[PDB]
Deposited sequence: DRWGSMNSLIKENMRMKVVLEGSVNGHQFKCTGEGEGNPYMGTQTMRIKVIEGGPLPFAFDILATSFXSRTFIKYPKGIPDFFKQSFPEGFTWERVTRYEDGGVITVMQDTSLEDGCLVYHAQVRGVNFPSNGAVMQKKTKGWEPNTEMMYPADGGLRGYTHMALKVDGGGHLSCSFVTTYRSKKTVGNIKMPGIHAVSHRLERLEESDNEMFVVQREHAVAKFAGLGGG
């Protein structure tokens, strides 16, 4: 069901520091090479009064390059797909909670994400739009009662050479109601999320990710 070329579409909605918004995206990638690109529009609430970087990691686990010898939980979850649930905590006080659903409809991956961010300091880099993308990172993946827990410590780059550290656990759960899933062992996933394009007030963003599974 997961072909060498797959398309995806996404709706992402919620609020950060009380500011309500909605974004829509579409893209494509090669799930077996771990590559994808997505074009994203802010369709409600724009221009956002915060860095889009905080939303960027919420827009795609089907596109990880897994070796033969590490079972691929996400690809095996289809046709039904999977969900993920995350709480991201930032060094300077912001917390963002995300719930995501991943499905497959008529050959296309479809994503719905609900986001709620609070307590980002008003004078901090997020709310002042002084960030400059994510450092590449490695997500540890742990098997947990028929799902996976991912654990990431990520650094958001900020103007003037700083970074904001953030951490999170992600809970990945299968939606499969018929069929089997071969569970992997502990492993890691290397991520590079790159901003390719943006409009002036980040109302339009193109980003790409490269994700590769490796032994831990």
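What the model leaves out of the deposited chain are the segments 1-8, 68, 226-230.
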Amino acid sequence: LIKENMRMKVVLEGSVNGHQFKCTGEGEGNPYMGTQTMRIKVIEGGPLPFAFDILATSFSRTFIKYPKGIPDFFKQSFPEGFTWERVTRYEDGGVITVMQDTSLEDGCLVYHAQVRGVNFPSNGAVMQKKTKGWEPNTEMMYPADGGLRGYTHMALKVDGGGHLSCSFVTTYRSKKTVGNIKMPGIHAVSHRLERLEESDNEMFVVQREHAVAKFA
From here on, numbers count along this sequence of modelled residues.
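Higher mean CA temperature factor between 74-82 and 115-123: 115-123, per the PDB entry.
Just going by the entry, 195-203 versus 20-28 on mean CA temperature factor gives the higher value to 195-203. The PDB entry gives the largest Cα B-factor of the residues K65, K157, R61, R149 to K157. The entry lists a Cα temperature factor for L55 that places it in the lowest third of the chain's modelled residues.
Sort the modelled residues of the chain by CA B factor and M6 lands in the middle third. Residue-level temperature factors show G179 in the middle third of its chain, judged at the C-alpha atom. Compared with the other modelled residues of the chain, the Cα B-factor recorded for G185 ranks in the lowest third. Annotation for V87: CA B-factor lies in the highest third of the chain's modelled residues.
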